[PDB]
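Fold and contact review
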Amino acid sequence: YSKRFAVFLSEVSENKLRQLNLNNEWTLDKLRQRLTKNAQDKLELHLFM
Amino acid sequence: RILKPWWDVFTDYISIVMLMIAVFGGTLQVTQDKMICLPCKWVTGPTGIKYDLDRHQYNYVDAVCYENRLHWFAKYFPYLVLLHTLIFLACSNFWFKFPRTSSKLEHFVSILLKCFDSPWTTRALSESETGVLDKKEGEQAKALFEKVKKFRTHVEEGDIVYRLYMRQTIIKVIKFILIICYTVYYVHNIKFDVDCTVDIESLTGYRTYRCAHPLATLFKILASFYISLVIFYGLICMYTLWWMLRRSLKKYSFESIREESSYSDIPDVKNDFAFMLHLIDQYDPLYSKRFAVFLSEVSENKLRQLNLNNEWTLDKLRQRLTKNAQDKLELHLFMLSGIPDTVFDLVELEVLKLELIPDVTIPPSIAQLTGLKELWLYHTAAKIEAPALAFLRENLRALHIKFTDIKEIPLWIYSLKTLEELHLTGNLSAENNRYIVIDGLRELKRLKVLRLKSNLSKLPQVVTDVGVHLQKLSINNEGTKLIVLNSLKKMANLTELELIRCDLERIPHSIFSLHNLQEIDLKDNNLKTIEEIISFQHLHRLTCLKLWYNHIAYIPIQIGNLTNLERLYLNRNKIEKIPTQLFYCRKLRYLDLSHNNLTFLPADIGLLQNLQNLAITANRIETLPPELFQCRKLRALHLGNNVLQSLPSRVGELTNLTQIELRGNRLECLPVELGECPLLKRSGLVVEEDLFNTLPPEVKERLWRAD
């Protein structure tokens, strides 16, 4: 039980959590929708925050 | 219910120990209490004395001495304890189950438990930041904040809980002092070994009875234990009173709210009643912090702003996209409190309309709308304070600041040096308020169209003439008497000038130097006979002459001087005679003779081969000249509001005549030569059932089979 509490307290793990939310909520098909643009193969994190 | 302080917890447990003593003394007092009595008589060595008495009489003198010569306090000690501790239970139990203020507490703990429960207050307590929640906790926080306001209405810093609490705690204190007085006064009236002397002597023959009570030591020790329990009990009750007079007020916790809020970076928080809040201040200030952080209007303002953000949808603005010229959106006239965030979703938008909104800030993600270039920001005070201004520094070209007062001109916004047209209606500004339009608009070098409409000016600003980039000017709807002559000629790239609703008797003569002038607008002026076209003929580019709403009654001979004139508006003045020299302006495509006093058209109309649309409405012409056929480019035969009678076969000449106007005439003949109507469909205000009765295959088959 103390192992559960400290493991949840670690910043690397919750950092991996929010990065993991951004993983499974920014999928391969999403960048498939964002592939090909004006001159070249341009990917937008442009204006996205 | 779990709001009780610690001393009321001690009141509960000391109370139940106290009644446990009561039921112990009562039970023991019933089944084991008796008295032992035997008479004092005087007042192989040792032998037992004998009495000539009986077991009968011993029980009798037991009952007589036990009832008579024994103290009632020792008789009824557990009953006084039992009834008296139910006074204490009735104090705290009755104070909490008082009906109306108990409803106040029940309502209060219901909103209090939800106020612990709301994870939005975890979020809003936890923190230009973003983050999108779901729907229904917004609804819960809506009606949750509503019921907080309902509680704020029902209480208004009440007094029933304070004075009712104060009355029950003060009767607890004075009852405490009362009973410790007489019980300490009666403990030494409990004795182990009593001396009885009764009227029994004719029945048993003895006066005095040494009587031992075998139980008074037990009642004595638990009586002393009892009052020891009470002095500890009521002593803690005195400590409650000492806090009541020492540190407790009606708004002291309100200062803990607002000093806590200044400590908690959400400063301005209102207040609801503190003494009940003081008891939970004694419970924990953490739960106090949950309550005030929910209470602040900035916080719930942010909540309903997010309710707006997820409760304007893509189908809503999708069904609000395409308008007058382009893709134009409206929060215009809609009194919305905030901009939706799905606004910057849909890049199809080009012209944004934002009347009546309290958004001082715009999100930086609005630059995703790369199609947006025309912006309407009226009845608002958007002072964004974000790096999105650089975003729109290289985006947009049109600004609309209508009906905006002197203070509500967002100053930092006009640094975008790609603005090209400006709309400043409603700057009701004096010369000191003229400087409140601060010259940071001088830096915006790309301003080409300037709108200074609908205000209280008399002279233009000296900062006005610094922009030679300006090509289109309007100074409209003012009290305009005076024009500084140098400022007009300084902006020589002026091509279109607007004098709408001005107090001009005449025109400024210095207009001759503005050789780029093509379009001149003179609506609603006091014009009699005009300044010479010798001035206008120096204006070589003059093509558009707009002479609306004057009271000039005669046109000078120099009208046959503007060859480049194509658009002539002579609407609503006192013109009666048609000047002959109208024929020379052969580039004339539109002739406006409307709202005059006209008699008859001379033959100058036939030489106007470029005439496509003719307006002679609101006149007094009765018969058209035969020069109708030479106006072969005529599409709009605008013949309204006259005393006209009929038409010749010249109507069949015009191959591009599409619309005919006869707004109130004789129109009795309804001629058949309309049935040679090669492209026309709508003789618009000629439409009557009379003309629809006449010419059956021509009107009905040509028009109604053409439709």
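About the thresholds
- Residues numbered from 1 in each chain as written, not as in the entry; some residues may be left out.
- Chains lettered and ligands numbered in written order.
- Part of a larger assembly, values for the part shown.
- Heavy atoms only, no water.
- Helix = DSSP H or I, 4+ residues; strand = E, 2+ residues; numbered from the N terminus.
- Rg over C-alpha atoms; globule rule 2.2 N^0.38 Å.
- Areas by Shrake-Rupley, 256 points an atom, 1.4 Å probe, with all protein chains shown as cover.
- Buried < 20%, exposed > 50% of the residue type's maximum accessible area, 1.4 Å probe, protein only.
- Pairing = 2+ DSSP bridges.
- Axes fitted to C-alpha atoms, helices over the stretch in contact; angles between N-to-C directions.
- Contact = heavy atoms within 4.5 Å.
- Disulfide = S-S within 2.5 Å.
- UniProt positions renumbered as here; feature names shortened; annotations may be inferred.
- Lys, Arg positive; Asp, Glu negative; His and termini not counted.
- Salt bridge = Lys/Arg side-chain N within 4 Å of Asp/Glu carboxyl O.
- Parallel < 35°, antiparallel > 145°, perpendicular 65-115°, else oblique.
- Nonpolar A, V, L, I, M, F, W, Y, C, P; charged D, E, K, R; others polar.

Quick look at the overall build of chain B now. In terms of helices and strands, chain B carries 20 helices and 18 strands. Over its C-alpha trace chain B gives a radius of gyration of 51 Å, far above what one expects of a compact globule, namely 27 Å for 707 residues. Referenced to the eigenvectors of the C-alpha coordinate spread, the extents of chain B come out at roughly 180 × 65 × 40 Å. For chain B, the exposed surface amounts to about 39,800 Å²; the carbon and sulfur share of it is 56%.

On a plain count of helices and strands, chain A comes out with three helices and zero strands. Secondary structure elements of chain A, listed N to C terminal, follow the sequence α-α-α. For the C-alpha atoms alone, the extent of chain A along its principal axes is close to 55 × 20 × 10 Å. Taking all 49 residues of chain A together, 0% fall into the buried category.

Further remarks concern the sheet that holds strand β2 (residues 193–197) of chain B. Residues and elements named next belong to chain B. Sheet architecture is open: three strands sit in the order β1-β3-β2, paired in antiparallel fashion. Only two strands of the sheet have a single neighbouring strand rather than two, namely β1 (36–40) and β2. Along the sheet, successive strands turn relative to each other by an average axial angle of 30°, direction set aside. In the sheet, β1 pairs with strand β3 (residues 208–212) via five bridges, with the strands oriented antiparallel. Paired with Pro39 across the strands is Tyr209, a residue of β3. Relative to the sheet, helix α2 (residues 55–67) contacts β1, β2 and β3, its axis offset from that of β3 by approximately 80°.

It is worth spelling out the UniProt feature "disulfide bond" in chain B at this point. Residues and elements named next belong to chain B. The UniProt disulfide joining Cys37 and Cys211 is present here, with an S-S separation of 2.0 Å. There is no split in this pair, since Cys37 and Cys211 are both buried. The sulfur atoms of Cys65 and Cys196, a pair UniProt annotates as disulfide-bonded, sit 2.0 Å apart here, close enough for the bond to be present. This pair shows no difference in class: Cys65 is buried, exactly as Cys196 is.

This part covers the side chain of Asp592 of chain B. Residue and element names in this part refer to chain B. On the secondary structure map, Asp592 appears in strand β15 (residues 590–592). Within the buried set, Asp592 has no salt-bridge partner at all; the shortest N-O distance to an opposite charge, 7.9 Å, is to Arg567. When near neighbours in sequence (up to four residues on either side) are disregarded, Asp592 contacts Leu568, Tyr569, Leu570, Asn571 and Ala615.

So, about the pattern of salt bridges. Residues and elements named next belong to chain B. Using the criterion set out here, one finds 22 salt bridges over all chains in the structure. Here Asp159 ties to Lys250 by a salt bridge, and the two come within 3.5 Å at their closest N and O atoms. With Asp159 in the loop between α7 (136–155) and α8 (160–186) and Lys250 in the loop between α9 (216–246) and α10 (252–263), this residue pair connects regions lying 91 residues apart in the sequence. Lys250 sits in the partly exposed class, given a relative accessible area of 32%. Linking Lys323 and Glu330 is a salt bridge whose minimum nitrogen-to-oxygen distance equals 3.4 Å. Through salt bridges that share partners, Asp193, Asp195 and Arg210 make up one connected network.

A few words now on the packing of helix α4 (residues 77–96) of chain B against α8 of chain B. Residue and element names in this part refer to chain B. Between α4 and α8, the shortest axis-to-axis distance is 10 Å and the interhelical angle comes to 170°. With respect to their mutual orientation, α4 and α8 come out roughly antiparallel. Residues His84, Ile87, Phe88, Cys91, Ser92 and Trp95 of α4 pack against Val161, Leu164, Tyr165, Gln168, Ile171, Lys172, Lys175 and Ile179 of α8. Per-class residue counts for the contact of α4 with α8 are nine nonpolar, three polar and two charged.

Let us look at unusual backbone geometry. All names here are of chain B. Although it is not a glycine, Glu156 adopts a positive phi angle of roughly 50°. The residue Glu156 is located in the loop between α7 and α8 in this model. One non-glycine residue, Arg572, lies in positive phi territory at about 60°. Here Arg572 shows up in the loop between β14 (567–569) and β15. Given a relative accessible area of 46%, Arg572 falls into the partly exposed group.

We now examine the packing of helix α5 (residues 99–117) of chain B against helix α12 (residues 285–295) of chain B. Residues and elements named next belong to chain B. Two numbers describe how α5 lies on α12: the axes approach to 9 Å, and their chain directions differ by 90°. Considered as vectors, α5 and α12 are oriented roughly perpendicular to each other. Contact residues: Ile111, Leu112, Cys115 and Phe116 in α5; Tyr287, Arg290, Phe291 and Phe294 in α12. When its residues are assigned to classes, the contact of α5 with α12 shows seven nonpolar, no polar and one charged.

It is worth spelling out the environment of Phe151 of chain B at this point. By the element assignment, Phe151 of chain B lies in helix α7. Residues in contact with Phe151 of chain B, not counting those within four places in the same chain, are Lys104, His107, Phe108, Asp272 and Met276 of chain B.

Time to look at the state of the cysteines. Residues and elements named next belong to chain B. Applying the stated criterion across every chain yields a total of two disulfides over all chains. What pairs with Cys37 in a disulfide is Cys211, and their sulfur atoms sit 2.0 Å apart. Classification of the bridge connecting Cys37 and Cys211 rests on its S-S torsion, roughly 120°, and on that basis the disulfide is right-handed. Linked covalently through their sulfurs, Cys65 and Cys196 form a disulfide whose S-S length is 2.0 Å. For the disulfide bridge between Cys65 and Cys196, the dihedral angle about the S-S bond is near -95°, and by the sign convention the bridge is left-handed. Judged by relative accessible area, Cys65 falls into the buried class, the value being 1%. In chain B, the bonded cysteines, taken in the order they occur along the sequence, pair up as 1-4, 2-3. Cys91 takes part in no disulfide bond, and the closest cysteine sulfur, belonging to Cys237, lies 9.3 Å away. Overall, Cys91 belongs to the buried group, its relative accessible area being 10%.

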